[PDB]
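Chains as they are written, first to last, in the authors' numbering: chain B, 3 to 223, 239 to 322; chain A, 11 to 109; chain H, 25 to 357; chain G, 25 to 357. Positions of the beta carbon are idealized from the N, C-alpha and C atoms, including for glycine. Remarks on the structure that follows.
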Amino acid sequence: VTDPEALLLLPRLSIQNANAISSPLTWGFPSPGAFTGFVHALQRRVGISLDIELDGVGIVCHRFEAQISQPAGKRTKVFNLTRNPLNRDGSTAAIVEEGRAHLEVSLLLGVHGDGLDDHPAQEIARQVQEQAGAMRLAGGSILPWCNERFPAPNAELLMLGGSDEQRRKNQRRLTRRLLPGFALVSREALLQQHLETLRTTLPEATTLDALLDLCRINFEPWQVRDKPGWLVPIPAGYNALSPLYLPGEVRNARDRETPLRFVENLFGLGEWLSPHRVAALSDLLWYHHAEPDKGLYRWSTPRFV
Amino acid sequence: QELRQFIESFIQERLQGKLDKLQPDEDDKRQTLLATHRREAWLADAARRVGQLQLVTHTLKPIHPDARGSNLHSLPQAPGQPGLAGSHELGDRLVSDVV
Amino acid sequence: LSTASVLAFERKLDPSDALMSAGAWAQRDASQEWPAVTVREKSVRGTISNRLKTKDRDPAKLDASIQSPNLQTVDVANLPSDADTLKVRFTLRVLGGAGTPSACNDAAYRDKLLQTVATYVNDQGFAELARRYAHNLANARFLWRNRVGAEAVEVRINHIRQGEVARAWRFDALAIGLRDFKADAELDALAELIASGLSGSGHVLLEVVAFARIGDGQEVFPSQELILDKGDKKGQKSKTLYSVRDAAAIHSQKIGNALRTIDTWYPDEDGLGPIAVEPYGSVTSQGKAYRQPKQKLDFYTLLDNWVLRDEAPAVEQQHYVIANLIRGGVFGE
Amino acid sequence: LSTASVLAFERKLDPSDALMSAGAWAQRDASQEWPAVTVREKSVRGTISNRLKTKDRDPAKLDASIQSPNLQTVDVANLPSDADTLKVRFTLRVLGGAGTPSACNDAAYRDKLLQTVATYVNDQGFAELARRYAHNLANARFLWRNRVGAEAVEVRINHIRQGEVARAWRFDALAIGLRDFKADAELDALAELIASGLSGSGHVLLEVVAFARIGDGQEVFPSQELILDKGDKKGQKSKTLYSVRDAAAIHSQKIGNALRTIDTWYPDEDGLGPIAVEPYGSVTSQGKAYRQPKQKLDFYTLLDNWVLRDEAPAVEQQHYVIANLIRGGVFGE
DNA sequence: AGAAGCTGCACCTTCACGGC
């Protein structure tokens, strides 16, 4: 029932110190949970004034530059840290390792509400952009397009606003604006499929996803096995350690009016497609899935295949 | 009885490891180091020494280590949704951290 | 009564990374076709100039080591031989909503903190604080090592209103010193703009571009990256510089610490100079941490003496408290 | 009072990568658009000149001494055949404020070190140090192998004030020797200007040009690049000359080594000449390290006697210690 | 002459090698 009637395209945002740490097993690109939380914060700050809902968001990542370095002699890479000030007496404090990365990603998000008939044509998108300029995306300050040779505008396309040839024409003119990027997709049916082809009288713990992340150059009577697209591991939500507690129960929460729960990360498989083989741009959007008395605080891209 | 010599060997191993890297010549610290860390008052002080929790999936200490929060030993329930999986929980049994 | 157990404050006055281009002086008008300075890797040969540890060694191998050379490979950023001007450019977002805590447990503590910052901005708004921030934008303090040998430096600041410029400022950064905070007209206009962007009304975007007359072919300093050097030969190179989009730049936190050093109120000889605004006010240069909680002048004791025991500090120390509130941090018990 | 665990000193007397062009003598005045010397990669046929190893000591494989043209690949830098003058040009900032470290831990040690440097500079200023620096700038010691066979070497030093000269010196570099610091009126004026730049009383950026008559189409020697790559052959050049933008150049640390040779005070036989100033004063090309720690005349023991124990050394060792502080580096526990 | 908070000190503790 979460179906958009519009698609507000926010253009190629640049992000200067993101969270290159994504999860206790995965690093690199930030979590899609960050993008769903950014769109939910935008709906908390903008969308209630326009009586519109903002659910679902795409990711293109026009460029990525992590702040890492190769230790001179090893095959792995270490993170370029930051320097914290001294503690209380004059002494170098204990360093925590924060992974930071420069991102450049445009995102299209699905407008849902009754606050558009024909009056907010391109001022609703201007309002959303000029309010999201004063916000951060994954811990990274969105650099709001300084004085340069060109500007970069926003867009608002309606699915009912146009007939079928105009629907595919507007889809084509939308996907020309984000064509060098790479669309991120949750792929869970592919993970379960590769599991049940892997699971031939042998069990698993987490190797179903680690075997698709790696680059095996094994031999079969050297050869190397191929994977379709960049099948990466991504943190796809949380799972319940604890039964959820009342607001006046847990010491040192963020606030004493929300129930708190202790959660673990959950792990799934994502793909970086190009956005010219999506076959419907009304897909490719990241939604939440609570089921909150079970756990399973997941985010995904449903309705895909 | 049958395991007394095992714990006496471990206590003597800790005692020799303490006495080796002392760099001592004077002040006679070995008398106290053989009074405490050799006899069965070491087990009394070990039962006095607390702090352990024997975690499985919850270590608050990687998140900014000067943080006296709560740590859990509760492995989570299996997700009913087909697809994704985590927690090393459907086979190949795992060791328990202690904080 | 009791303070908030979780108390967070986001970074207002958020700058961006300060890209470095190179060009001739008096060509600052057409300073958009200027090429950027690229970091290079060069291998150097030097001596064993560090002091030795004559513990579990022998004298023959150590004096044979100090007789023998020492090969390293560092990173360096030079100006070209046709460019005696460094152009350091960055953007700066003044966010707005200064005293609002981004996380707070107790509703009573949140109400008392909001009333305290409300009475502060009612009786003494962001005049002196924004004047000190406008000084530290106006004198080129974000050139850390790039300022000490400059003949002349000039700071151009442009307010970007919608998608284009609205106000242009042009300052001489050597007349405005690094230790004094005078009162001029254009500095007060920039401070009023910063205060309007800090009073919750707007989220002001400025561009700052600083021209520095260093010399032909001289060496500039982008901010050095921190690698902890605990492992297999990850410290053989000993110097790595920061590079974004194939261009040398300074980190965001270094520019923030550079325009943040406004505090001329600490109990240890405040005629020395302004230091960075930190809780238990620390300088990493002298290796000291001023305002220790043995004296009653740290940020924490001044904070829960202001908003909890209802006793206001001196007029200069509540400026420091609100400067920590703009600075942002994680506090609470 | 003890030595701080981190002590970093920033480079005063900062040179640039000295570029090399080639032209004709008596056209030294209009030597602005002189064509640059390029590095040419050539392949040479040679012989086996190295002494034989124990594996090549076989009677069958001493054929490598007999027929093996040895086929090496080197770089070269030559003048044009109608051009008998090498011009080497660079710039040099001298900053000042020598005794202030850019990183410290003990503020008491920092204050004691600033007190010792202050009582030095008000006891005896930078007169002997800047005199020896101006003498090493006078004779073209930065022309390292480009000086040993040159017929006449002439240097021109221009005090670039804003974009033009403010005072120009012109020295015959061969008349001023490489082993004794004599006196001259223009040399005392340049020494006083370098001393005024060394005390923070002015901004001093000099442009140093040096012409040398090597010969018509002879070979000039730029800096050779260090390639930190170990054992491999048949494709390794083992001689890579340094060049910036297809123009042969000398390294900046090479010039910094050459105008630092002011140390005529070391407890060994000083009848040879000045060596460079390093802690445990080393010439690794000669294989000997003067001021060994078995003598009490290295930089660290003299420094920790001057600062910690208040045992002031002789005035020459004071000049050596302050020359090391002008050099810079990492000192500390 | 008894209560709270601060500081000083002790206690724990080392690796396996060559680009879809």
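**Request:** Starting from the Cα of G/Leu-95, find the closest Cα among G/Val-307, G/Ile-346, G/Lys-258, G/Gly-311 and give me that residue.
**Result:** The residue labelled residue 95 of chain G in the question sits at position 71 within the fourth sequence. Among G/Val-307, G/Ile-346, G/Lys-258, G/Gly-311, the Cα nearest to that of G/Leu-95 belongs to G/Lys-258.
**Prompt:** What residues from the segment 58 to 72 of chain B come within 7 Å of chain H, judged by C-beta to C-beta, listed N to C?
**Reply:** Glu-67, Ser-71
**Item:** Length of the line joining the Cα atoms of G/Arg-134 and H/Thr-285
**Value:** Locating residue 134 of chain G in the fourth sequence gives position 110, counting from the first residue. Locating residue 285 of chain H in the third sequence gives position 261, counting from the first residue. Straight-line Cα distance between these residues: approximately 21 Å.
**Sequence-distant residues of the same chain with beta carbon closer than 6 Å to H/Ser-105, five excluded per side** = As a position in the third sequence, residue 105 of chain H is number 81, starting the count at 1. Excluding residues within five positions, the ones whose Cβ falls inside 6 Å are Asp-240, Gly-241.
**Request:** Starting from A/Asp-102, find everything on chain B with Cβ-Cβ shorter than 7 Å and list it in chain order.
**Result:** On the second sequence, position 92 is the one that residue 102 of chain A refers to. The contacting residues are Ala-207.
**Asked** So which residues on chain H does G/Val-354 lean against when the C-beta distance must stay under 7 Å?
**Response** Residue numbering aside, residue 354 of chain G sits at position 330 when the fourth sequence is read from its first letter. Under the 7 Å cutoff, chain H gives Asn-74.
**Prompt:** How many angstroms separate the CA atom of H/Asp-99 from the CA atom of G/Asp-196?
**Reply:** Within the third sequence, numbered from 1, the residue matching residue 99 of chain H stands at position 75. Within the fourth sequence, numbered from 1, the residue matching residue 196 of chain G stands at position 172. Going by the C-alpha atoms only, they are around 36 Å apart.
**Message:** Is there a C-beta anywhere in chain H that falls below 9 Å from the one on B/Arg-242?
**Reply:** As a first step, residue 242 of chain B is located in the first sequence; it is residue number 225 there, counting from the start. False, the Cβ-Cβ gap to chain H never drops below 9 Å.
**Asked** In three-state terms, what does DSSP make of B/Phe-321?
**Response** Numbered from 1 along the first sequence, position 304 holds the residue referred to as residue 321 of chain B. B/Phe-321 falls in the coil class under three-state DSSP.
**Message:** Going by DSSP in three states, B/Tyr-262 sits in which element: helix, strand or coil?
**Reply:** In the first sequence, residue 262 of chain B corresponds to position 245, counting from 1. B/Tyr-262: strand per DSSP, three-state reduction.
**Request:** Check the Cβ of B/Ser-165 against every Cβ in chain A and list those closer than 7 Å, keeping chain order.
**Result:** Here residue 165 of chain B corresponds to residue number 163 of the first sequence, with the count starting at 1. Those within 7 Å of B/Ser-165 in chain A number zero; the least Cβ separation is about 37 Å.
**Item:** Residue-level contact to chain B via CB, A/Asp-107, 9 Å cutoff
**Value:** As a first step, residue 107 of chain A must be located in the second sequence, where it is residue number 97. No, its Cβ sits nowhere closer than 9 Å to a Cβ of chain B.
**Item:** Cα-Cα separation, G/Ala-158 to G/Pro-337
**Value:** In the fourth sequence, the residue the question calls residue 158 of chain G occupies position 134. In the fourth sequence, the residue the question calls residue 337 of chain G occupies position 313. If I take the Cα positions, the gap works out to 25 Å.
**Asked** Which chain G residues are close to H/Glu-175, counting only those with a beta carbon under 9 Å from its beta carbon?
**Response** Taking the third sequence and counting its residues from 1, one reaches residue 175 of chain H at position 151. The contacting residues are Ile-184, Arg-185, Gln-186, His-227, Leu-229.
**Item:** Same chain, Cβ closer than 8 Å to A/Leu-65, five either side skipped, listed in chain order
**Value:** Your numbering for residue 65 of chain A matches position 55 in the second sequence. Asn-81, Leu-82, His-83, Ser-106, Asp-107, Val-108, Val-109.
**Message:** Ignoring anything shorter than 3 residues, give me the beta strand (DSSP E) runs that lie fully in the segment 130 to 198 of chain H, in order along the chain.
**Reply:** 177 to 184, 189 to 196
**Request:** Identify whether A/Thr-42 lies in helix, strand or coil by the three-state DSSP scheme.
**Result:** By 1-based counting over the second sequence, the position of residue 42 of chain A is 32. Helix.
**Asked** Going by beta carbon distance, what residues of the same chain come within less than 7 Å of H/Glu-357, once the five residues before and after it are set aside?
**Response** Locating residue 357 of chain H in the third sequence gives position 333, where the first residue counts as 1. Excluding sequence neighbours, H/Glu-357 sits near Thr-27, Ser-29.
**Request:** Classify G/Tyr-266 as buried or exposed, calling it buried when 16 or more other Cβ atoms lie within 10 Å of its own Cβ.
**Result:** Taking the fourth sequence and counting its residues from 1, the one referred to as residue 266 of chain G is at position 242. Label assigned to G/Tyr-266: buried.
**Message:** To the nearest angstrom, how far is the alpha carbon of H/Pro-39 from that of H/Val-179?
**Reply:** In the third sequence, residue 39 of chain H corresponds to position 15, counting from 1. In the third sequence, residue 179 of chain H corresponds to position 155, counting from 1. Those two C-alpha atoms are separated by around 15 Å.
**Contact list for the segment 304 to 320 of chain G against chain H, Cβ threshold 8 Å** = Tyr-304, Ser-306, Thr-308, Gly-311, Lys-312, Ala-313, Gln-316, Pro-317, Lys-318
**Asked** Whose C-beta lies closer than 6 Å to the C-beta of residue 423 of chain G among residues of the same chain, with five residues either side of it excluded?
**Response** Since the displayed chain G opens at 25 and closes at 357, residue 423 of chain G lies outside it and no answer follows.
**Request:** Using only alpha-carbon positions, find the residue among G/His-343, G/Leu-332, G/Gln-310, G/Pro-93 that is nearest to H/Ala-88.
**Result:** Counting from 1 along the third sequence, the entry for residue 88 of chain H is found at position 64. The shortest C-alpha separation from H/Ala-88 is found at G/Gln-310.
**Asked** Going along the segment 71 to 95 of chain B in order, which residues come within less than 9 Å of chain H, judged by CB to CB distance?
**Response** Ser-71, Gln-72, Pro-73, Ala-74, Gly-75, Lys-76, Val-80, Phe-81, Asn-82, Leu-83, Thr-84, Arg-85, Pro-87, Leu-88, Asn-89, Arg-90, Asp-91, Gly-92, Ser-93, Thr-94
**Message:** Closer than 8 Å is the cut-off here; do at least three beta carbon pairs connect the segment 211 to 227 of chain G with the segment 114 to 121 of chain G?
**Reply:** yes
**Asked** In the segment 123 to 147 of chain G, which residues sit with their C-beta less than 8 Å from some C-beta in chain H, listed in chain order?
**Response** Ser-126, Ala-127, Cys-128, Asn-129, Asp-130, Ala-131, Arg-134
**Where B/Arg-65 falls: helix, strand or coil (DSSP)** = For the purposes of this step, residue 65 of chain B is taken as residue 63 along the first sequence, with counting starting at 1. Looking at B/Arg-65 - three-state DSSP - the assignment turns out to be strand.
**Request:** Tell whether a beta-carbon distance below 9 Å holds between H/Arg-165 and H/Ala-236.
**Result:** Position 141 of the third sequence holds residue 165 of chain H. Position 212 of the third sequence holds residue 236 of chain H. Contact flag unset, no.
**3 or more residues per run - each beta strand (DSSP E) lying fully within the segment 192 to 261 of chain H** = 228 to 237
**Prompt:** Is H/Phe-150 closer than 9 Å to H/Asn-348 when the C-beta atoms are compared?
**Reply:** Here residue 348 of chain H is taken as the residue at index 324 of the third sequence, counted from 1. Here residue 150 of chain H is taken as the residue at index 126 of the third sequence, counted from 1. Going by C-beta atoms, H/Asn-348 is not nearer than 9 Å to H/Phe-150.
**Message:** Pairs of beta-carbons, one from the segment 73 to 82 of chain B and one from the segment 287 to 301 of chain H, closer than 8 Å: are there three or more?
**Reply:** no
**Asked** Is H/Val-112 helix, strand or coil when you go by DSSP?
**Response** If you number the third sequence from 1, residue 112 of chain H lands on position 88. DSSP places H/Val-112 in strand when its eight states are reduced to three.
**Message:** Using only CA atoms, which one of G/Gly-352, G/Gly-123, G/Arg-156, G/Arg-155 lies nearest to G/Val-141?
**Reply:** As a working mapping, residue 141 of chain G is identified with position 117 in the fourth sequence. Closest by alpha carbon: G/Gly-123.
**Message:** For the segment 233 to 251 of chain H, list every residue whose C-beta sits within 8 Å of some C-beta in chain B, in sequence order.
**Reply:** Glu-249, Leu-250, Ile-251
**Prompt:** What is the residue span of the alpha helix (DSSP H) that H/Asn-94 lies within?
**Reply:** Taking the first residue of the third sequence as position 1, residue 94 of chain H is located at position 70. Element bounds for H/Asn-94: not the alpha helix (DSSP H) but the beta strand (DSSP E), 94 to 102.
**Prompt:** Where does B/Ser-16 land, buried or exposed, given buried means 16+ other C-beta within 10 angstroms?
**Reply:** Along the first sequence, read from residue 1 onward, the residue named residue 16 of chain B stands at position 14. With 16 or more Cβ atoms within 10 Å of its Cβ, B/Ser-16 is classed as buried.
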